[PDB]
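Submitted below is the structure of interest, expressed as structure tokens.
Letters are used for the chains, namely A, B, C, D, E and F, taken in the order the chains are written, and counting of residues starts over at 1 for each.
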Amino acid sequence: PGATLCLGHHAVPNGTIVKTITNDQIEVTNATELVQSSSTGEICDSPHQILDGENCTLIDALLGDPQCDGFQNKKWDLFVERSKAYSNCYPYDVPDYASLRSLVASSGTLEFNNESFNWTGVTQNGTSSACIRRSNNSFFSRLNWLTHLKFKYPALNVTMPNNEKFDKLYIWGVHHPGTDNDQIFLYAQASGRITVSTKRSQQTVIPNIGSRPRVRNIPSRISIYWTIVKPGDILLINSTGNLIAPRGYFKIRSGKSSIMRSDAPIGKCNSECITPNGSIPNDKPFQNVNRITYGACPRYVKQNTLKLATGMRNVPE
Amino acid sequence: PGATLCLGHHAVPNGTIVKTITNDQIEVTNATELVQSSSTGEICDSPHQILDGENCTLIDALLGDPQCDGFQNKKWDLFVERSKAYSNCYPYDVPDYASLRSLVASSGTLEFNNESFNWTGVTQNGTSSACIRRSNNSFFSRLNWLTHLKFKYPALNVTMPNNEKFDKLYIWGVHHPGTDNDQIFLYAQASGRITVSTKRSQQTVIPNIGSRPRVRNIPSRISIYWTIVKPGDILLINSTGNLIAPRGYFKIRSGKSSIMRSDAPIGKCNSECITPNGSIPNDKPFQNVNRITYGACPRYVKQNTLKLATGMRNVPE
Amino acid sequence: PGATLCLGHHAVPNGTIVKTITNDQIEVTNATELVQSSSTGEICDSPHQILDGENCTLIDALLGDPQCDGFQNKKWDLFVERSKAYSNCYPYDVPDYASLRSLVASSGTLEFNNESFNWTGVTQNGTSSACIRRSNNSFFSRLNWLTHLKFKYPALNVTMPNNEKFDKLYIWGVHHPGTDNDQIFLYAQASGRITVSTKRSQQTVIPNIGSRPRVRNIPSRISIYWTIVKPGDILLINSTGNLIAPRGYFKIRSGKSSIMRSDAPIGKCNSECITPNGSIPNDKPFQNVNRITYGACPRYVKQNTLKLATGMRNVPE
Amino acid sequence: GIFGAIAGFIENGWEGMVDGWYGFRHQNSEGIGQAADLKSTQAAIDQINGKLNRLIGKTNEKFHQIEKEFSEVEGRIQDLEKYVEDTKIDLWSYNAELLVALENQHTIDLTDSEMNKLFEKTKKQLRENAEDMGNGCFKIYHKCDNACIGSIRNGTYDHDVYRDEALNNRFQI
Amino acid sequence: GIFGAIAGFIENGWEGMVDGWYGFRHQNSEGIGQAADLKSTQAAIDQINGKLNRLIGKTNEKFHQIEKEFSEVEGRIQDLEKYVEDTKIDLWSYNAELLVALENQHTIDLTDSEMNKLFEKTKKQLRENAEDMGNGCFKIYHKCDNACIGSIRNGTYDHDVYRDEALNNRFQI
Amino acid sequence: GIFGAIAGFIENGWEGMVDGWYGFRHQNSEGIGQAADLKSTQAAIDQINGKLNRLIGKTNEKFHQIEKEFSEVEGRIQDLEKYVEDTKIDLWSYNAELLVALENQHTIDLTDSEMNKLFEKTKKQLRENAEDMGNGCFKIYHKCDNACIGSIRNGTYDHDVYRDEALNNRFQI
């Protein structure tokens, strides 16, 4: 009679379909998903330092719009800008806005140091009804609106050395009045250029008088500029009017900081990977949640699913 | 005696050489080419909407050079610019030319809507002998050359609201006269700046009087600018001379449109993939015809041939 | 009794660990390194034509700083810029500096051709104590500082046609004096604009009088501009002061030339691949020495070692 | 598939084998039984875990990058930002697709290999005492009780013990 | 190549087999014949068609991109546009090269595999009635007419019918 | 590994085989000997040299590119230059990692294959005159002196010469 000995392998009743080189549909006993396709919808507040902009853009927090006073000197790994944010100070523009936003985002700090600029001969601390801070007329906290003193505005030729061991970021501006009357009322003379220089750079800007469409009832504008001053270099400001002066400098650092546009709520939770849709787990190598990411994140791909076989071909009875 | 039973496989007399991981030349029974390397030399007019520029660049068709009047309000998937194209109107330049060309190409329409600008106090519809339309002196069809009325040019402060639900693209210009005489003859005063603004933007341009080398006998120039006006925003134009005014706006759309430089003839035929050398078949995954493509196209590679084995090793008798 | 016949394979006492698809550590009999991770530290002077900048940046050699006179008309495959380089002439800036540096680097020549510009009515060959050449006050060798002749500076309207078969690169500049006195002393009139034009382009620049922080005791500045003039086009220069004029043109070529920042010594040796750390061998497909390379080089990767098995699994006794 | 055991000469898998991936069924004088083979099972598992160790929990940190969504039309610079990102995404998408296809082909092949290796080992062990029936089963030509079957599964079967009996049964008329 | 049949123990292919990729030649009392094996042939064809289905007719649509040829010298921005494109093209060229090399290695191996699988199946089917001559041929030790050869090719050969005859012929002196 | 010879049924390698990669050891009436097999050795070497020919000495020339280090903060354009380069480096790093992992898996498999092919060839050559002991060794059931062993290694062994002797020894009681 003897015996029979049969060699074999397992199978399961609930196999899964995967793709291979030679077949787009083959059933295996088990597989695992390699594409992360979901988020819970919250940005976790750990382990990255999150700064919720709330009503403030980064640039509004920089300049010091009165709704952004709570942001002074704060740092972040990720600044989160909300779509509801709006400006409520003097109407301004920033030539190159995207670059200023980027360099401050990447620096990751709003650390500000006041400096004693010698503004002899002008009135400091100009305010406006378009920039209300506690019911009082006000202005950007980090900027100094200079006007005539007793119907005189003498030529400014003001210096500030950098004898620190780090670079300084100066933010400043030019006021474009709505009319010739306004020009005279504020600066007591016809407009002329502003020149801001260092040993390695020079920027000159021309005030352009004229009405722009009113924004919060203001037809004038301020244009914002910036200058970086290296150690042992010197800032020089040369103006005969229309100068929105710096009050000091921002520190500029390098590191891992950035900025993201998102309306996702911040949660009390821990996740290494942030997207605008919320944090996502990072066990998988790929994800199809968002091309925009921050932190230790899976790589964005177009596929919504990629199944890796983790068992043999399934050959059911 | 018994029998013999032999197992075997086919072979062919005309095998083909392929590359593998371990051998750069091995003969197999059959292979297929994965690199498309030829075109018939025609751009097929289907299934993409093709617009042959003929003598006109896209920007000349935009501004309304008299050879481009047949292009008014036309749309395209692909605008084809010919190397023979030339301008025959008032000599102009476009700071950022590449960007204006790109954004109009991508929008895919020359749809234009006239608007009733209030130009009270000046003469409209200036023409030139450098821009002939049906033997008569003329000018760009979409631009309005404003000059003095009875040796007066009063300050213009002209508004146009966008109460539409889409964005408007305005094209406008500044005239740079060849001499001080020309400045006075045209505008009756010394030159001054033009400021075009909205709630979110401002552009000011300074006319610069002087001779440039003559082009079609003209030593003056026009410089072209553009402004996009969003819904509920307002265009404001402030000038005391030298303004080449808009007559209205272009619609700006998003979609699949583009532009290509090619001298290939347009054919009555159907092909999904366009290159500057002509349409190409798109069965293969790769191509070495041109890095410039439009439509459903194989990917450009440097190889002129890549043979995929479609049979076993060929081992001839 | 009979016999025994055993099939087998070799092994070694000193196997090497490699990575595979299924195991990050498996011992094989032999392997080879695919990542080049070392340099000898010298840039080999062969087979690429190397130009050591020594104390000169490319732009200083272009303009003709007195320490760079030995560079006149030289060509290179690779211009090597040293970190010790410094300028010792009139303080200048170049809007777009990076682009001018790039286009000259890529052209690979400082070939210069003098031209006879008609500067009737002004004094040529202005010099300065900030630019010493053999103890004498001097200036950039390729630039011509024009000043008043007998307290007159008449309007310049100077032409130079390109009747060559190649393009011409013109380098020129605007002088920004430190004070109104200096403006009058040099040009005998109030400042006004410079316009440099061709049939296809126009550049106008405004001199801006004012003190900048002193550099080698100079509070004025020169700003450098460039213009390319095509065959059958014409350079036109229109100035009433402040013009730092061209003396001629640079040839502009296309080819394989570039520029690299490095402090590595140049050696008498032969290597196809240059990095800032020195030349590297190029037998291997990858390298982790530097992302910056020139010549026939392995591809930069992040890995410091990648071992390719060149033998079977090692299964020792 | 490439070795020809799984989905090949083995007609189908065994849903009732839940304590291993590969194993043995037998029939003898004492009944019909099943036992998992742990070494082959662990060999396949170890290889698959090797692949997982190279794919799971291995992400790259990135911080400040470029913008990837835009509120305004800008032209040249924005066209380049968009093209760089689209380029990147297509290359990574290709890498992901190919990775999964190749890895899956290889997993199916390596698991087929482990089945074939166990079959070959068992065939050699049985020497002249059994014949291959073509379907992964051996006809064993001697009395082979539970301890005997166990000895085959454990690698302690001494073919010489049974050879005279087996040859007589095989080569009869 | 990796299985060792095609270009290995099978000395060469058959140019006169035009109705399949794999098959059988025989010599017996009634003559010398050839027949294609359809199942092995279709198995190889199906796998190759699987590769083709993943490569042919699968292109991506792209519309407005960046410029890739330039009439003027510009410096920094143009250097970046050119580098992005050159970067992309080199990566795709690499992908194409590797894809073809790997796929071709695999096609040669899978076709070799199908030959080996058919050989192994036939060897097992013949049991103790034949011996492997080393060159892909079996010496069959019994009278095996056309219907008998047909039964082997169709999987209906009953080895027990012929075993006594075959053993007597094999194990004689 | 996937064929099951090297690190499988062959228990270990031979450190004392220095004139080839694969070969034969024997014991007979005249002693114990070793000889390398040149054809299998060269087959493996040729394949590995094929891989080397596609990786070594094959670099691409690049000349003027983009800048990759920066002395000043600039914002948008510099962010894009850095992202393009970081993107490129990560893609090439991935390609390098995968290339080495795949090539190494394949080298281990192809070398295992060449061992298995030599074993199979030898098994077939010996016909009914030997049995496979399971460990890469054959028990040869006839007197097989040095010239006889040599004939097996050279492919000139005539199994018919020894078959009567071998069958008598194999199938005794």
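Here, a contact is a pair of C-beta atoms (placed from the backbone, for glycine too) under 8 Å apart; a residue touches a chain by one contact, two chains touch by 3 or more.
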{"item": "Shared chain contacts [chain A and chain F, defined touch]", "value": "B, C, D, E"}
{"item": "Selected from C-D, C-E or A-D, interface repeating A-F by over half of its contact pairs", "value": "C-E"}
{"item": "Fitted rotation between chain D and its twin chain E in degrees, CA, nearest 5", "value": "120"}
{"item": "Type of chain B:chain C copy interface by residue overlap (half), same or different", "value": "different"}
{"item": "Between chain B and chain D, centroid-to-centroid distance (C-alpha), Å", "value": "57"}
{"item": "Centroid spacing, where centroids are CA-atom means, of chain E and chain F in whole angstrom", "value": "21"}
{"item": "Chain centre separation (chain A, chain C; CA means) in Å", "value": "33"}
{"item": "Whole-Å separation of chain centres (CA-atom averages), chain B against chain F", "value": "59"}
{"item": "Multi-partner residues of chain D (at least 2 other chains)", "value": "3, 48, 51, 54, 60, 62, 64-65, 76-77, 79-80, 84, 87, 90-92, 101-103, 105-106, 110, 133, 171"}
{"item": "Residue numbers of chain A (touch at least two other chains)", "value": "20-22, 98, 102, 106"}
{"item": "Chain-to-chain touches, reported pairwise for every pair that qualifies", "value": "A-B, A-C, A-D, A-E, A-F, B-C, B-D, B-E, B-F, C-D, C-E, C-F, D-E, D-F, E-F"}
{"item": "Residues on chain B engaged by chain C in the complex (per definition of touch)", "value": "93, 176, 208, 210-213, 215, 221"}
{"item": "Residues of chain C touching chain E in the complex", "value": "96, 98-100, 102-103, 106, 228, 252"}
{"item": "Interface residues, chain D side, partner chain B - complex", "value": "72-77, 79"}
{"item": "Residues of chain D touching chain A in the complex", "value": "1, 5-7, 10-15, 17-18, 20-29, 44, 48, 51-52, 55-65, 67-69, 85, 89-90, 92-93, 96-97, 100-105, 107-108, 111-112, 115, 118-119, 122, 130, 133, 135-144, 148-149, 152, 169"}
{"item": "Touching residues on chain E, where the partner in the complex is chain A", "value": "46-48, 50-51, 53-54, 103, 106, 110"}
